[PDB]
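If you read the sequences in order, they're chains k, I, t2, t1, t4, t3, t5 and t6.
Residues 13 to 56, 61 to 96 (PDB author numbering) make up the first sequence, in order.
To convert a position in the second sequence, counted from 1, into PDB author numbering, add 131.
Take the third sequence: its letter number 24 is residue 24 in PDB author numbering, and every next letter is one higher.
Take the fourth sequence: its letter number 12 is residue -4 in PDB author numbering, and every next letter is one higher.
Take the fifth sequence: its letter number 23 is residue 23 in PDB author numbering, and every next letter is one higher.
Take the sixth sequence: its letter number 25 is residue 25 in PDB author numbering, and every next letter is one higher.
Take the seventh sequence: its letter number 14 is residue 14 in PDB author numbering, and every next letter is one higher.
To convert a position in the eighth sequence, counted from 1, into PDB author numbering, add 1.
Accompanying notes for the structure given below.
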Amino acid sequence: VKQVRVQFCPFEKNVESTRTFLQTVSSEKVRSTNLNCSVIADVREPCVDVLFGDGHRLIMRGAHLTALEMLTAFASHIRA
Amino acid sequence: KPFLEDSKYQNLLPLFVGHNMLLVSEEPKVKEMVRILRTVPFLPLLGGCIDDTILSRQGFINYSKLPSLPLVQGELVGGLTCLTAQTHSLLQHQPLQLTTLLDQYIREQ
Amino acid sequence: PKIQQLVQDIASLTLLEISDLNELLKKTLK
Amino acid sequence: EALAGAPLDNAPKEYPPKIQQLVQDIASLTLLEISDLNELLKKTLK
Amino acid sequence: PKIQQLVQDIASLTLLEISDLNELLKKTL
Amino acid sequence: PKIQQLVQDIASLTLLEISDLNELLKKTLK
Amino acid sequence: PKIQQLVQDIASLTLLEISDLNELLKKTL
Amino acid sequence: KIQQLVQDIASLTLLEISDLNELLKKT
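Structural data, given as structure tokens:
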């Protein structure tokens, strides 16, 4: 709920799971509400790091994940 | 997809998956593009091509610092003749070195 | 090889290609 | 037509054939060949 | 030696050969 | 020639003789 | 002609004498 | 002779010059 950082490599093999997760979290409707939370995308196998203020590191590999599965897991962790 | 299959640009097919837009101009104001990109952190750049040369963001950032073309063309000749200039300077400095040391001795006195 | 062919090749290259040429001479030399 | 440029970011500056082969040729060529090349370059632009 | 002979030798030598010549000159001088 | 031989040859040359080297090398390459 | 006499002369000669020495060095070298 | 001293410097070789300017630096 504090910070989220995502690494994806269109230079390397392309996986759309993290890529699609970007526009899900880059929406105003989510960004305005989560003003405390900060989102940064990096372009160089994909990596998702969520740094909770509760001392939890949500580490996710978005290669063999479903588009919405990514969101469901994130939702389960943040809502708790 | 169909165009990118058979065109000058073919390697951008993996890049063009999902929603995408293109920045197009007639001038290579790459600095301005990257400058306005830094404003919004979340927004990524996937790369593309500048001046008919295909490259990604990591290449585009270092490219953003570039002077005028004609002077770089002249600097090419300058760098080519740099070795000759170095040889000439190494040959010519030692008489100049003796003259400058004599001048420094004058200044000391 | 050919003097004319090499000269026109240098002019044909764009500024980014020219910049790549210039920097490659620097690290190879010196 | 695949330009096939930019091989790998995390890699020892790989040299694409056409743009770098010319670098090796210039180094191997003698100064006399370079001298004519420089003079022709000066004639074209200064 | 000969003045013109040395000039021809430098022209015949390649670019990286010239760089080695300059480096050795500095150590000697 | 030789890389070491050329360096020592230049050292043995007199300053006026070195001066002729500069002008001859300049006109060939420019 | 020897190294020692040139080194001593450079320091020993006065300011005006050394100034004359520099002028003809440029044309010869 | 002023010209003779200049000629001695002019005719002197590079190897002995490495003994000329270095001694000047020392003194």
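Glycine is no exception: its CB is placed at the ideal position from the N, C-alpha and C atoms.
Asked                                                                                                                                                   : Found
Where the beta strand (DSSP E) containing residue 7 (chain t3) begins and where it ends                                                                 : Run containing residue 7 (chain t3): none in the beta strand (DSSP E); it sits in the alpha helix (DSSP H), 3 to 12.
Host alpha helix (DSSP H) of residue 86 (chain k) (start-end)                                                                                           : 83 to 95
Partner residues on chain C for residue 6 (chain t6), Cβ-Cβ distance less than 7 angstroms                                                              : Of the protein chains in the structure, k, I, t2, t1, t4, t3, t5 and t6, none is chain C.
contact_flag[the segment 66 to 83 of chain k, the segment 143 to 155 of chain I] where n(CB pairs < 8 angstroms) is 3 or more                           : no
Between the CA atoms of residue 161 (chain I) and residue 221 (chain I) - distance to the nearest angstrom                                              : 41 angstroms
C-beta neighbour in chain I for residue 23 (chain k), strict 7 angstroms                                                                                : yes
Proximal residues to residue 15 (chain t2) (C-beta, below 6 angstroms), its chain only, five neighbours per side dropped                                : none
Residue 53 (chain k) in three-state terms, based on DSSP                                                                                                : strand
Short CB-CB distance (under 7 angstroms) between residue 226 (chain I) and chain t3                                                                     : yes
Residue range of the unbroken alpha helix (DSSP H) whose run includes residue 134 (chain I)                                                             : 133 to 136
Any 3 or more C-beta pairs closer than 8 angstroms across the segment 16 to 23 of chain t5 and the segment 7 to 27 of chain t3                          : no
Closest by C-alpha distance to residue 236 (chain I), when choosing among 29 (chain t5), 27 (chain t5) and 19 (chain t5)                                : 19 (chain t5)
CB contact check: residue 143 (chain I) to chain t6, cutoff 7 angstroms                                                                                 : no
Sub-7 angstroms separation of residue 56 (chain k) and residue 21 (chain k) beta-carbons                                                                : yes
Unbroken alpha helix (DSSP H) run spanning residue 190 (chain I), endpoints                                                                             : 188 to 194
7 angstroms Cβ cutoff, residue 14 (chain t2) in contact with chain I                                                                                    : yes
Pair within 7 angstroms by beta-carbon distance, residue -12 (chain t1) and residue 186 (chain I)                                                       : no
Simplified DSSP assignment, three categories, for residue 166 (chain I)                                                                                 : helix
Below-7 angstroms beta-carbon distance, residue 3 (chain t5) vs any chain t6 residue                                                                    : yes
Chain-ordered neighbours of residue 149 (chain I) on chain k, where CB pairs are closer than 7 angstroms                                                : 28, 31 and 32
C-alpha distance - residue 157 (chain I) paired with residue 182 (chain I), whole-angstrom precision                                                    : 10 angstroms
Residue 232 (chain I) at chain t6 interface by Cβ criterion, 7 angstroms                                                                                : yes
Whether residue 173 (chain I) touches residue 53 (chain k) by CB criterion (7 angstroms)                                                                : yes
Residues that residue 155 (chain k) contacts on chain I, provided the C-beta gap is smaller than 7 angstroms                                            : With chain k covering only 13 through 96, there is no way to say anything about residue 155 (chain k).
Best match in 96 (chain k), 80 (chain k) and 95 (chain k) for proximity to residue 30 (chain k) [C-alpha to C-alpha]                                    : 80 (chain k)
Short-range partners of chain t2 found in the segment 190 to 205 of chain I, where Cβ spacing is below 8 angstroms                                      : 194, 197, 200, 203 and 204
Interface flag, residue 29 (chain t4) vs chain t6, CB-CB below 7 angstroms                                                                              : yes
Cutoff 7 angstroms: residue 184 (chain I) Cβ touching any chain t3 Cβ                                                                                   : no
For residue 178 (chain I) and residue 188 (chain I), believed in contact at Cβ under 8 angstroms, the rounded distance                                  : 5 angstroms
Residue-level contact to chain k via CB, residue 188 (chain I), 7 angstroms cutoff                                                                      : yes
Contacts around residue 1 (chain t5), its chain only, beta-carbon distance under 8 angstroms, and the 5 residues preceding and following it disregarded : none
Three-way DSSP call (helix, strand, coil) for residue 213 (chain I) in this model                                                                       : helix
Neighbour list for residue -7 (chain t1) in chain I, Cβ cutoff strictly below 9 angstroms                                                               : 187, 189 and 190
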